[PDB]
Every structure is written in structure tokens, then in C-alpha cells.
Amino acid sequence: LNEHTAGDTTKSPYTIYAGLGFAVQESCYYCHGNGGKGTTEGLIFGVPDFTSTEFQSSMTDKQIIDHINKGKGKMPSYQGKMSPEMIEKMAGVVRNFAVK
């Protein structure tokens, strides 16, 4: 993965995760907030815990990219809603919640 380097918030994956250009119920933080552990609403849909080493070892880097693109159930699809380059930056955000 090409990890994102800190920079201008207008180009940042965190501004997108925080809902820029999305309705609230399609913003990553609405379901995967609380530092990646999941929110009340997210948990009701069954979000995993991004901070859990157990969860992180259940997926490869490529599977993270593929599942953000395609969605699955209550997890919306994001292909066409952000660039392939932003999705890859986003896979790094997902990975980073488990890094101390």
C-alpha cells in the first residue's frame, strides 16, 4: 500500500472519512467512529473493530481495497464515490487503527 503522508486537509483521507462529500449515514466515521472501534449505530449493523489485531489479520491489503469498492450488506459500496487513489489511502487509514 502507498500510505498517506500528512498534508493539506483538502487532500486528506481523514477529511473524507469524516464525511466530506457524503451524507452522514454514508460517512465512514458514522459507523466506524470512536477511533475505529465502531459507534453505537455501526455496531447495530455489525461493524468490526479496526483496532483489533484479530480483525486485521482476517483481511489482506487487497481485500480491504476490494471491500471498500464493492461494499457488503450494510457496508456501502464506494467504487465511483472516491478515486482509486483515495480508496488505497483509505485502506491505510483502516490498517492504522491497529498500529500503536
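Just count from 1 along the sequence shown to find any residue number.
When the C-alpha B-factors of 3-11 and 89-97 are averaged, 3-11 comes out higher. Highest CA B-factor among the listed residues (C28, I64, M75, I44): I44. Compared with the other modelled residues of the chain, the Cα B-factor recorded for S52 ranks in the highest third. Among the modelled residues of its chain, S58 has a C-alpha B-factor that falls in the lowest third, as given in the PDB entry.
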